[PDB]
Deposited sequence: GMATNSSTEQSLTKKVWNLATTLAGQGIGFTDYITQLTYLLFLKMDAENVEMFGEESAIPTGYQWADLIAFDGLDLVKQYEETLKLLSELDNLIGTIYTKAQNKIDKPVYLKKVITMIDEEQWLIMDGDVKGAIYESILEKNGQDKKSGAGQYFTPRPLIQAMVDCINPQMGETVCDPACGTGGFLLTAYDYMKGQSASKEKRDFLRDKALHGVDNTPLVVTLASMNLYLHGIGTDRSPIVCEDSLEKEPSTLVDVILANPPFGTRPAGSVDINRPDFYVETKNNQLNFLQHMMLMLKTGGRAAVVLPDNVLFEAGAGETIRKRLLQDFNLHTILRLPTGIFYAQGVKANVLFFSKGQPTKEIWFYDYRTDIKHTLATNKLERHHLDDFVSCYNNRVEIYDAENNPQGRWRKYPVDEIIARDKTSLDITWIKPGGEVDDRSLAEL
């Protein structure tokens, strides 16, 4: 709030040098955590945990190639540490080679009092910064972000409860985990208030800086003290060591980058190069019996022949794919995206699949008619009240329709890419 504007103007200035928004924001985060540590030494007494010689006061004293060297040394030592600090500084790395322009970020962070602010305030500034980068049409940070309105509706439908484990195995900025924690925190303790605190959440992302942003975000909203729920791993690489109650995820829509290690997963139902089918497999394999998932996936997952069908067959047999939400265009960073939310539990077969079409004749964009949480109110009510809106003769254009599993098994390729609403 005016602090946000100052953060945004330093962003364009570094952009003026060769320094992009995502890089700026990681360096801002590295510096912010360090400053806040120092503040906590005055504001509440105790000894720092940051090594001696590398605290905030040591940093601000240098100016030249010397400033850049001290900063880099500082990031090296912190990355070597454990728990929350080590997570914030995961494979930490300076991207600002220019002393003058680093000193500007340092100087801006130094001049405020971060501990003291309303605490909600730090959260909301950070969420606001993450979003403005995330919906930046030519910055491509949207690959690291999901719109909050949609996360909220998903968490509301899944309805996580105190005592459950929640995992997002492709966590980006940590929005699902942040929202599921807020949802659970306001419910009726104490083995379980402590469970939420220490044991409920887990997030995985393979990209170091994104782990830095996620672990900071969770921390700035009061999630954790000395430990982070976020780990830096490649989810597809390894069979999961622990099964969970709830999965919440928006996995990458893009291909696995070239030169990434080849995966070796005998536990998978089928070998495929489709990155999204593999995330879907990995997540099905991650659930406990009785567990449930809500996951954002592309249309391709619903129609693709070969491996896709094999997996959709497995999904119908051993899981209850009770709900598919068809998402509108114009809500993700890179619009065009044809996406869907699939909700399913593990154990029981699918007998019926309820479709909610929020795509056909729906018009959102990032600049005008923005998606907000109230647009998914009807969906959420349908989710809870399993009474068909569609009727062949009374309401053929109704958004909520139930299909028995036998019609789906009878479709070509076992396709789940079903619509029925005439645009006309």
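Residues of the deposited sequence that lack C-alpha coordinates fall in the stretches 1-9, 198, 435-445.
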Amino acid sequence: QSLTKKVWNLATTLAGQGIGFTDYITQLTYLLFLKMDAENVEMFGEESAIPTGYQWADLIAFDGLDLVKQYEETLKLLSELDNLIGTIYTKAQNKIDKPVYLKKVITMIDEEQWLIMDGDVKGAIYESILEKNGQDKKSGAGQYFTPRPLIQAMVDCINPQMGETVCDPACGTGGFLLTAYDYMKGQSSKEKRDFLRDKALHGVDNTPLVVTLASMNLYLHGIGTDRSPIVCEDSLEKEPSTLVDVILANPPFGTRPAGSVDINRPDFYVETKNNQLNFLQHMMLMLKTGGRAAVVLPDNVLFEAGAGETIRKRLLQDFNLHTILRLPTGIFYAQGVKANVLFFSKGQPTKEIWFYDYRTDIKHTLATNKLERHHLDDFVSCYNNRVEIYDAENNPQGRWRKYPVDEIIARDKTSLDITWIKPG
From here on, numbers count along this sequence of modelled residues.
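Checked against the record, the higher mean CA B factor of 361-369 and 374-382 lies with 361-369. Stretches 111-119 and 242-250 differ in mean C-alpha B factor, with the higher average recorded for 111-119.
Out of 52, 27, 394, 70, the entry records its largest CA B-factor for 394. Annotation for residue 179: C-alpha temperature factor in the middle third relative to the rest of the modelled chain, per the entry.
When the CA B factors of the chain's modelled residues are split into thirds, the value for residue 61 lands in the middle one.
Per the PDB record, residue ranking by Cα B-factor puts residue 90 in the lowest third of the chain. Residue 124: CA B factor lies in the highest third for its chain, per the PDB record.
For residue 37, the recorded CA B-factor ranks within the middle third of the chain. Only modelled residues enter the ranking.
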